[PDB]
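Working through the structure, step by step
The lines below spell out each chain.
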Amino acid sequence: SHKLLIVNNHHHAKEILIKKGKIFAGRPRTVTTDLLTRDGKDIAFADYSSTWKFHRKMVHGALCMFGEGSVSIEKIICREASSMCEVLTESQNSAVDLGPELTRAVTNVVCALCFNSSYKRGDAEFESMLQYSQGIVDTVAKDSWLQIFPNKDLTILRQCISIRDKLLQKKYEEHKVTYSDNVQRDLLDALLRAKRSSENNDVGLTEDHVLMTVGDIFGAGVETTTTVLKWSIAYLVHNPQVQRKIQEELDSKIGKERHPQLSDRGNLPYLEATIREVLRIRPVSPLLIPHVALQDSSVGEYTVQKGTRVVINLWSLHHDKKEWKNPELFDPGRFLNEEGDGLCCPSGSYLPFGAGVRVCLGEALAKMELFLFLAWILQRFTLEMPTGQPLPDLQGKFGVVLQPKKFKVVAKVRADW
Ligand code: HEM
Ligand SMILES: C[C@]12CC[C@H](O)CC1=CC[C@@H]1[C@@H]2CC[C@]2(C)C(c3cccnc3)=CC[C@@H]12
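Counting starts from 1 on each chain and follows the sequence as written, independent of the entry's numbering; residues without coordinates are not shown. Throughout, the order in which chains and ligands are written sets their labels, letters from A for the former and numbers from 1 for the latter. Side-chain measures were taken over the full set of non-hydrogen atoms in the model, leaving aside hydrogen atoms and water.

X-ray crystallography is the method the PDB entry lists for this structure, together with a resolution of 3.30 Å.

In structure tokens:
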């Protein structure tokens, strides 16, 4: 038996996430989340703590400084987009599912970021990892509620968890044998280094904490960013006028003798607006992760007892007709100033990455990927539907992230390229 509070109001939501971030920083325990995270030794389901804080810090620095030398995540993202556009080119004018090829690209980013590797098309590990994440995402479809069906199976959930565990366990053991105090190749070395240094001396740096942390970054990095691109492909296809505004922005502000760079960000607010609006309209986590009162508090008038679960309904925040004119329409211009000069936050109701204390750890990285990937593609391609075939159903099932139904697009090369 457990008590629960669903928040449809943004003022309240910011009283939880921010004003009283720490009081509502607890996470909930479920048989499934416990398998996933080893009883909460990861970050995303780890109660607020010096460990939680510390690992969250490791990941921010690892990302800052991966590295190396002079070589940033930017290079790797650009590399992965270049390969995408080469795929789109041979796979060209034909109808084609961008799903799997997009997923690998996003994966090589975070695979680089965590383990200093990449996957090749067809790779057997990568394949295995698509598969097992399938089962995992599918069976964390549980309020961790329209229950009732004989369940479950968490015989298969466990099956996947282990395949994952062996994947990580191999990368862990590999990194050790080649580990060098001078260099730090990735988030794993970063933590291995941390771990050794704890031997020289109550922040938890056991093997489980290391593995679970990297697991979180390897996991989110693929399932979240990838989904958002799939939504952008959908919405782009539905709105040729948005595609075209984006393209003519790229044409004037980057040109044609050159590819987009991250330095270009602040010269392309229409694209940034477009990204924001995808994140508004099909928010990738529509419930965020739940929050748990670590002590009795209040949420303006509502009192709230220690232990109660707390679920922001970001969907309903992002679609209140009171906060958003004509929600349910895709309009990047929500997020642009009166002229188009630059950006403009049209409401306090927008918290796609969350806010305050448990805010998305990958926010920074998600935004870089999303920008480069979409910019690189739209500069060279224009995305239509096949020959004579209805626009994509935008309905979308909710696993651990809210993701769309698959479809086939036609990337036509642009008259210049
Ligand atoms: C691409 C779009 C993404 C969105 C919209 C998003 C959104 C969010 C949201 C809503 C939360 C929960 C906020 C809360 O519970 O208060 C969160 C947590 C988290 N996100 Fe993301 N995220 C995204 C991508 C990523 C990526 C790419 C990573 C890669 C490392 C990542 C790592 C995390 C982690 C570790 C947490 C847990 C933070 C904590 O509970 O302490 N996210 N994100
Ligand atoms: C289950 C899954 C995705 C399937 C992988 O096989 C394992 C995995 C690890 C961490 C989870 C992730 C889904 C997204 C999660 C739940 C989350 C997240 C969710 C949405 C936005 N940002 C972060 C942070 C931890 C992430």
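What follows continues from the structure just given.
So, on to the coordination of the iron atom of ligand 1. Coordination shells were defined by N, O and S atoms within 2.8 Å of each metal, extended to 3.2 Å for Na, K and Ca; water is absent from the atom set, which can make sites look incomplete. Among all protein atoms, only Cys-360 (SG) binds the iron atom of ligand 1, sitting 2.3 Å from it. Geometry at the iron atom of ligand 1 is octahedral, judged from its six donor atoms and the angles of 78 to 179 degrees they form at the metal. Angular criteria define each label, namely tetrahedral for four donors with all angles between 85 and 135 degrees, square planar for four and octahedral for six donors with opposite donors over 155 degrees apart and remaining angles between 65 and 115, and irregular for whatever fails these tests.

All right, on to the pairing of strand 6 (residues 381-384) then. Residues of strand 6 alternate between two faces, with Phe-381 and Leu-383 buried on one and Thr-382 and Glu-384 left unburied on the opposite face. Here, a strand pair is defined by DSSP locating no fewer than two bridges between the strands. Helix and strand definitions follow DSSP, with helices as H or I runs of at least four residues and strands as E runs of at least two, each counted in order from the N terminus. Taken together, the four bridges between strand 6 and strand 9 (residues 410-413) define a ladder with antiparallel strand orientation. Across the sheet, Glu-384 pairs through a bridge with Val-410, a residue of strand 9. Any residue under 20% of the maximum accessible area for its type is buried, any over 50% is exposed, and the rest in between are partly exposed; the area is computed with a 1.4 Å probe on protein chains only.

UniProt positions are given in the numbering used here, feature names are shortened, and annotations may be inferred rather than shown by experiment. Here the UniProt feature "binding site: heme" (unreviewed entry) sits at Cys-360. Of note, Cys-360 is situated in the loop between helix 12 (314-317) and helix 13 (363-380). The criterion used for residue contact is that any of the two residues' heavy atoms lie within 4.5 Å. For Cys-360, the contacting residues outside a window of four places in its chain are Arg-56 and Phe-353.

In the neighbourhood of ligand 1, 26 residues make up the surrounding shell, with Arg-27, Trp-52, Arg-56, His-291 and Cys-360 lying closest. Under the rule applied, a polar contact is a pair of N or O atoms within 3.5 Å (in protein, one hydrogen donor and one hydrogen acceptor; residues adjacent in sequence only if both atoms are side-chain atoms). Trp-52 places a polar side-chain atom, nitrogen or oxygen, 2.9 Å from an oxygen atom of ligand 1. Of all the elements in the fold, those that place two or more residues in the shell around ligand 1 are helix 3 (50-65) and helix 9 (207-238). Element by element, the count of residues in the shell around ligand 1 is highest for helix 9, at six residues. One heavy atom within 4 Å of a molecule or strand makes the whole residue count as near it.

Listed under "binding site: heme b" (unreviewed entry) in the UniProt record, and renumbered for this structure, are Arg-27, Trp-52, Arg-56, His-291, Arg-358 and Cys-360. Take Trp-52: it is sitting in helix 3. Not counting chain neighbours up to four residues away, the residues in contact with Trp-52 comprise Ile-43, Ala-46, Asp-47, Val-357 and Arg-358. Considering the arrangement of structural elements, one finds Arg-56 in helix 3. Once you skip the residues sitting within four places of it in the chain, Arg-56 turns out to touch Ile-43, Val-357, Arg-358, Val-359, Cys-360 and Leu-361.

Near ligand 2, the surroundings consist of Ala-44, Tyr-132, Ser-133, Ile-136, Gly-215, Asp-216, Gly-219, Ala-220, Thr-224 and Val-400. Contact distances for ligand 2 include 2.5 Å between an oxygen atom and a side-chain N or O atom of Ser-133. Only the protein chains shown count as covering a residue, and every accessible area follows the Shrake-Rupley method with a 1.4 Å probe. Relative to its unbound accessible surface of 530 Å², ligand 2 loses 88% to contact with the protein. Counting only elements with at least two residues in the shell around ligand 2, the list comes to helix 6 (124-139) and helix 9. It is helix 9 that provides the largest number of residues to the shell around ligand 2, a total of five residues. Residues that form the shell around ligand 2 fall into these classes: five nonpolar, four polar and one charged. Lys, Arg, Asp and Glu make up the charged group, whereas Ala, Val, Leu, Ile, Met, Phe, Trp, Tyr, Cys and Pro make up the nonpolar group; the residues left over, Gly among them, are polar.

The step from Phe-66 to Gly-67 runs through a cis peptide bond, and the omega angle for that step is -10 degrees. Here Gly-67 shows up in the loop between helix 3 and helix 4 (73-90). Put simply, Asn-151 and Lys-152 share a cis peptide bond, and its omega is 5 degrees. Here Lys-152 lies in the loop between helix 6 and helix 7 (154-178). Phi at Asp-39 takes a positive value of approximately 65 degrees, unusual for a residue other than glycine. As for its placement among the helices and strands, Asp-39 is situated in the loop between helix 2 (31-37) and helix 3. Its relative accessible area of 46% is what places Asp-39 among the partly exposed residues. Residue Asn-116 is not a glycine yet carries a positive backbone phi of 55 degrees.

What follows concerns helix 8 (residues 187-200). A rise of 1.5 Å per residue sets the reference length of helix 8, with its 14 residues, at 20 Å; its end C-alpha atoms lie 21 Å apart and thus fit the reference within 8%. The complete set of buried residues in helix 8 reads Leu-187, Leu-188, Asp-189, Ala-190, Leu-191, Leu-192 and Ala-194. Looking at the buried positions of helix 8, the neighbouring elements they touch are helix 3, helix 5 (99-115), helix 7 and helix 9. Here a helix's expected span is defined as the number of its residues, less one, multiplied by 1.5 Å.

Within this document, salt bridges are pairs made up of a side-chain nitrogen of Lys or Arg and a carboxyl oxygen of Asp or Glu, the two lying within 4 Å of each other. As enumerated under the stated definition, the model contains 22 salt bridges in all. Across the salt bridge formed by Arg-164 and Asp-165, the nearest N and O atoms sit 2.9 Å from each other. Considered together, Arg-164 and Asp-165 belong to a single accessibility category, that of buried residues. For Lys-367, the salt bridge goes to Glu-363, with nearest N and O atoms at 3.1 Å. Pair noted here: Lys-367 and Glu-363 are both in helix 13, with a separation of four residues, about one helical turn. Linked by salt bridges that have partners in common, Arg-38, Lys-41, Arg-164, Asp-165 and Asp-208 make up one network.

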